[PDB]
């Protein structure tokens, strides 16, 4: 429902005037994992009709499973400790997008192995 760059900007304005070095780490992971999901779907498109090194290639994809999982836990923790209504909405809009990202990373990686 919320645009990706919209959620980016809302978290960016939160970075100003606040001493949260974990916020840029969350923001840069939020951007990287969203765009990584987009490149996964394009890689499935490039296969055509599903036309894959065991271990190495599967691990490069499997390591991303933990990366998207922990980012969701990071955002959930920041949501649990903030008492500002705007910042809560921002974090929950990020969780809505990241929950879609996690689902599609797993489905695309299943098709790419």
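Residue numbers count along the first chain shown, from 1.
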Item checked: Deposited-sequence gap flanked by residue 51 and residue 52 -> 1 to 3
Next item on the list: Would you mind comparing 24-32 and 65-73 for me and telling me which has the higher average C-alpha temperature factor in the entry?
Entry: 24-32
Notebook entry, point to check: Of the two stretches 81-89 and 52-60, which shows the higher Cα B-factor on average in the entry?
Noted result: 52-60
Note to self: For the chain shown, is the CA B-factor of residue 47 in the lowest, middle or highest third of its modelled residues?
What the structure shows: highest
Item checked: Third assignment of residue 95 from its chain's C-alpha B-factors -> lowest
